[PDB]
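J.: sharing the initial chains of the complex here, in place:
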Amino acid sequence: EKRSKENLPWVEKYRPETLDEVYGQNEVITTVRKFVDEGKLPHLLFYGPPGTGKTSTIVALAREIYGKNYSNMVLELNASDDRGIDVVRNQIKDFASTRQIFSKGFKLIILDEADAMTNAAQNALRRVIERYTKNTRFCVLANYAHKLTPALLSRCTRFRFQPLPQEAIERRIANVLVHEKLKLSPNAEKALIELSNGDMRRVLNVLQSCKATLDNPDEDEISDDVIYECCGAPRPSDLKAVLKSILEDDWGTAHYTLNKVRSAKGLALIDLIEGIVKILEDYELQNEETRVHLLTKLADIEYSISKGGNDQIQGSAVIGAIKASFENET
Amino acid sequence: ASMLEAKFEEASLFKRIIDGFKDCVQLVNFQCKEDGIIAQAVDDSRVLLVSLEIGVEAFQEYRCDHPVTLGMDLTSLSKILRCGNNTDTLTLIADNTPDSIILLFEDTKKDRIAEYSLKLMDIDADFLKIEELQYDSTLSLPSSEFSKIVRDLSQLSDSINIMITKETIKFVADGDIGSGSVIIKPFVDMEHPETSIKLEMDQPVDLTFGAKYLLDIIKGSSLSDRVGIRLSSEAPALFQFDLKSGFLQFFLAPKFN
């Protein structure tokens, strides 16, 4: 690292250095603290969506158990490091079999993003874990469970990291604003909550980019308007107006309204499709055929947009799909 | 001109020192100071720890006012040392917190001059203060004898168990082919002072070690005529190879159970 902090992104600057600094997962953190205070630590398996605080939790845990130099006492392997079955047969076996080199303690092995390991590597790791579990504990961080061997799943204690609720994001945002001498309006905070979609890195990145957006970093408050231009996400009022124009107004008015909304501040049809999806999910529909047609046609449109294409034709397709789906209901 | 200057008497010394622990370690963290140059490096399995230290007396000329952290890579370092005549005089050159160092492979003493440079590597791992402690035993046997014993026993088992009890060194390695039980009785000789099995005793020790790591240790036996092994039940094994002005330890971690 260079120049200590203040030269890092807010994602890597506000990384929790203690188990007390991890928010949201209250149950998991309390259970882990009880585990390490009572002296028992089984093979841990942390599962959850990206950005929920798995590797931060395990790094804080290893820092708490050991001294400051946790990296000198932990064999932390990642997908960047080669993890073939020869690596399991040699490096993992030697680290598990031998005694600690710096003090008296149990060896800890952290396998971040272990879902990328091959099937044979996991098969070897099975017996490696089970044989030398007396003085060596394995931790597996996996975003995807279908890539893990069921034998490996049946061996490690499963901990699920839920997406961060509202209160955890609010507390972290309050801490960040206190540190950074920054002010932010509550409606902007709610917009950040809706924009996060359970991710914390998204929140930190949007805060950093919005502080960069302001001409004067101090004094000026971050409103939801600044959030919406900086992220580029559609405003809820724009989505409501577009949906109303589509539902009631005819083709000329609806097409002109959608084009004007998109060209006002450079909206994309994506993020607008699932904004409309959220708004329509907030409706009650008497006929299931409306739901079926909406879901199928909008999924096809989103797939086509993901593959890329002509935006005008896709917008016309969106309008046609919605208007054809809300006429079968009556 | 440059802040850090270290002109070796010969490139052979540095080549031998690097090749001593090149195989067992990938990343090396040199720390140049006015007292000398040290290098604390850890194996990938984090079992075998190497602590190089070269005194100021092994350099024909040496000067380094500001402490420098030279994190490097032994593969590319050995590749750089591979090219260049061994009789040539190497001169390590570095700047004030640089991105690289300069290897003066000055051929003979005139004419050809080389300027091989290796980009410096950002190793943020601080040096580990594992110097020594109250060791239970302190033996000292010739490097050739220890290397021969380790090479003979590695073919019989995957683990060599070193036992010291009542002024006696005993190596045992039980495996599939057989079980070696090479034993050594301490002695001293005035006729040939180099071969002398020195020993000290506080408490008996029964520590087992891997075979490949011990082979990695004995690969460095060419540097020193004598090797000093110190063991303890609550300390990693120490293998102090004595150099012309410094030393080269090997902190090996024993197996448990």
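T.: Yep, it's here. Numbering: from 1, shown residues only, chains lettered A, B, ... in the order given.
J.: could you report the neighbour count for the residue in the stretch 1-150 of chain B positioned nearest to chain A?
T.: Residue nearest to chain A within the stretch 1-150 of chain B: residue B:45 (4.1 Å; CB to the nearest CB). C-beta: built from backbone N, CA, C; applies to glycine. Residues contacting residue B:45 under the criterion other CB atoms under 10 Å in any protein chain shown number 22.
J.: distance of it relative to residue B:24?
T.: Noted for residue B:45: a distance of 10 Å to residue B:24, by CB to CB, to the nearest Å.
J.: what does residue B:246 give?
T.: With CB to CB as the criterion, residue B:246 and residue B:24 are 18 Å apart.
J.: do the same with residue A:317
T.: For residue A:317 relative to residue B:24 (CB to CB), the value is 63 Å.
J.: of those two, which one has the most company?
T.: residue B:24 (23 against 19).
J.: coming back round to it: next up, the contacts around the residue of the stretch 1-150 of chain B closest to chain A.
T.: For residue B:45, the contacting residues are A:75, A:90, A:91, A:94, A:95, by CB atoms under 8 Å, 6 or more residues apart in numbering or on different chains.
J.: now that the first one has come up, it's in contact with residue A:93, right?
T.: The one in question is residue A:75. No. Applying CB atoms under 8 Å, one finds residue A:75 not in contact with residue A:93, separated by 11.1 Å.
J.: more neighbours: which of those two?
T.: Regarding residue A:75 and residue A:93, a neighbour count based on other CB under 10 Å identifies residue A:75 as having more, with 21 against 17.
J.: chain C follows; place it on the structure:
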Amino acid sequence: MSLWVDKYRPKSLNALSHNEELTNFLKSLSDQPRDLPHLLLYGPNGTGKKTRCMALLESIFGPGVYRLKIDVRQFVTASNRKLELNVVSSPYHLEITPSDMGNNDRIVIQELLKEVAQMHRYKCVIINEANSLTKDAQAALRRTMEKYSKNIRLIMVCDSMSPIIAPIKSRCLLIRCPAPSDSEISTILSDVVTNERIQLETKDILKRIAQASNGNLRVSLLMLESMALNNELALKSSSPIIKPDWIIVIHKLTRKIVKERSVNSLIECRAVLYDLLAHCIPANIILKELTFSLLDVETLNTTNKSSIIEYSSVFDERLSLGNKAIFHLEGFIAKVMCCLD
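T.: Let me add chain C to what's already shown:
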């Protein structure tokens, strides 16, 4: 050579008596070649795109582009498979095609374009049949022409636009090559025959060749040469319009599909398809010919025609995303049999 298709080819833009507007546009580009961008000529095959490319090349530098040589280049891939693909090189330009196996033409593109970019300031790189690229070599090309441009230039020739990805369309200038008019086909054939020694009863034969060729001048010249050889160098007004044996096989398959709509006839259809795929034919053109020959049968209905064309579109989409074309073609024939029955 003795073939008339490669004996009379216009070397310069002055001899391009095909399209006045396209020749004028190419001459506009050749007026100041110091800043000529990358081109991409598209249109029906047989129009003469390569002729325009070579004419523009010799208008940029000078005479001598038309002298060519063969230089086989050894290329190594994953494992140790050898797929040595020759390049038809020349002074002042370089001609390449993705005739190599499609799954690993990306390496051919990568190292060959990197080798030619090691240095009359630029060497044009013509890529025939660019629509056959597999969206992986095009990814390399995206930065290949963008990074090094003052030293290398591309004239990317392809007969279709759909497989070419959006960035390649974006960074390349688009030039359109319409097919010749029937009057122009007849004029070109008349000039060829009066430079040749074939006797014509009436120019109606040239018009019939123009109508049968369907805007394809290359097959028009080939058919004229074949007829002249078969008619003892004296064309007859009653000479039947000879078709390629491939067209005959397609039409016989269409007749068998139309008349008999049983499973056994589908078995002989599968056998004929196996033979045709063994006869070096792309899947897109054979499905297109089968579809358009099916729609030309007069015993069909408009509903059957609509169903056939819709399933033809579906199975052509399947061809664009499939490996073994025989399954898709057999499925299309099965659906056609189901609809007609």
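J.: now the stretch 51-200 of chain C against chain A: closest residue?
T.: For the stretch 51-200 of chain C, CB to the nearest CB, closest residue to chain A: residue C:166, 6.5 Å.
J.: wait, that residue sits on residue A:308?
T.: Yes. The pair residue C:166 / residue A:308 is scored as a contact, 6.5 Å apart, by CB under 8 Å.
J.: dump the residue contacts of residue A:150.
T.: Applying CB under 8 Å, 6+ apart, no residues qualify as near residue A:150.
J.: how many neighbouring residues does residue 203 have?
T.: By default, I'm working from chain A. 22.
J.: you looked at the wrong chain, it should be chain C
T.: Neighbours of residue C:203 using other CB under 10 Å come to 14.
J.: residue contacts, it?
T.: C:186, C:190.
J.: what distance do you get for it to chain A?
T.: 46 Å (CB to the nearest CB, to the nearest Å).
J.: so how far is chain B from that residue?
T.: For residue C:203 relative to chain B (CB to the nearest CB), the value is 77 Å.
J.: next helix or strand past the helix or strand harbouring residue A:125?
T.: Using DSSP states H and E, residue A:125 sits within helix A:119-131. Per DSSP H and E, the first helix or strand lying C-terminal to helix A:119-131 is strand A:136-142.
J.: which outside residues touch that next one?
T.: By CB under 8 Å, 6+ apart, strand A:136-142 touches A:41-47, A:54-55, A:58, A:95-96, A:106-115, A:125, A:129, A:148, A:152, A:156.
J.: extend the structure above with chain D:
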Amino acid sequence: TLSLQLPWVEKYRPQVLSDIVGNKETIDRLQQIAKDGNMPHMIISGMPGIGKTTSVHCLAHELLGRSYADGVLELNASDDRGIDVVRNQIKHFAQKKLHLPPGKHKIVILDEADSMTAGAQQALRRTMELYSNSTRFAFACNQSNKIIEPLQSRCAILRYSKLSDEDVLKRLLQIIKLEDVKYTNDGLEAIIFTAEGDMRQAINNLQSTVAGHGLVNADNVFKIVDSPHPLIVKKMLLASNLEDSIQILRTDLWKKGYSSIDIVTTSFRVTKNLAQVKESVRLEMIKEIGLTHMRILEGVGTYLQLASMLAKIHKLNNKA
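T.: Putting chain D onto the chains we already have gives this:
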């Protein structure tokens, strides 16, 4: 850093054949082999965590005693079991002359035998056939399909089945009485339901609940460990109302932090393992789930894709 207490999975591992619960006939046959001594070559197969390798180790311990240090050669995936460097090891071990009791033989525990290559098993064929008097083998593989048919032609097939709820409950109650932790029958049945006949999972969940809340009551159990998502997926796919299926999807998987690809794979597995609905209906369900799977793997992973998958599954299920 204090020395860790051994986990209850390994602390209470059985050491005698009597403590293994489930598959009473197989355990009794193993006991009769143990006192008889005439151990044949056997292959042990079953789902993970039901007591395969522990029975092998217990039988090896019981048949031969103080000779356990050198009279048994144990191999596993961590050892580089290849055709060349390892054929010599078993060849020497079988050719090794060690004096046993009259009715006992050397044991070669080729643990996790489904991961070996074909050539290793081809050599093991004649290795087993030659020295059948001196050494005996013991394969312990999760899947018996990888083992070639010549190896199956000279082995005793011992198929373990998933543990019944009564046996898991019995051994669990034994563990509670040895550990003296306050328990409620509702919590125990919650542990049984969560384990799905996987014994090690039951012990691990018991550990987590005991050391997380002290009491193993059902609320604490469901707080610590979640219900198995295959059951939730099966409930979602079998619902009759599309709104109900969408609500189950969202609330129980999307708001609980489950990846879309995990939901799709679990839906495919549930559909292929489901039997209530008609075979053809399962075929179109599998086809649609696979189309959504291709969409997910190609890059677009969204709640909308899963919602469309459920909508089309309801289209096929409701018969238009």
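J.: what do you get for the contacts of strand A:136-142 once chain D is counted?
T.: With CB under 8 Å, 6+ apart as the criterion, strand A:136-142 contacts A:41-47, A:54-55, A:58, A:95-96, A:106-115, A:125, A:129, A:148, A:152, A:156, D:4.
J.: which of those residues are close to chain B?
T.: residue A:95 (CB under 8 Å from any CB of the partner chain).
J.: for chain D, what's its nearest residue on chain A.
T.: residue A:105 (3.0 Å).
J.: over to the stretch 51-200 of chain C?
T.: Counting by CB to the nearest CB, the stretch 51-200 of chain C gets nearest chain D through residue C:135, at 13.5 Å.
J.: now do the SS call for that residue.
T.: Judged by DSSP: H, G, I helix; E, B strand; the rest coil, the three-state class of residue C:135 is coil.
J.: chain B against chain D: which residues are in contact?
T.: Residues of chain B lying near chain D (CB under 8 Å from any CB): B:176, B:177.
J.: now do stretch A:44-61: distance to the chain's middle.
T.: Here stretch A:44-61 is found 11 Å from its chain centre; the criterion is CA atoms, centre = their mean, to the nearest Å.
J.: got the buried residues for it?
T.: A:44-49, A:51-61 (16 or more other CB atoms under 10 Å in any protein chain shown).
J.: equivalent analysis for stretch D:311-320, please.
T.: Neighbour count says stretch D:311-320 has D:311, D:312, D:313, D:314, D:315, D:316, D:317 buried, by 16+ other CB under 10 Å.
J.: contacts for that stretch, please.
T.: The contact list for stretch D:311-320 (CB under 8 Å, 6+ apart) reads A:288, A:291-292, A:295-296, D:237, D:240, D:242, D:245, D:277, D:281, D:284-285, D:288-289.
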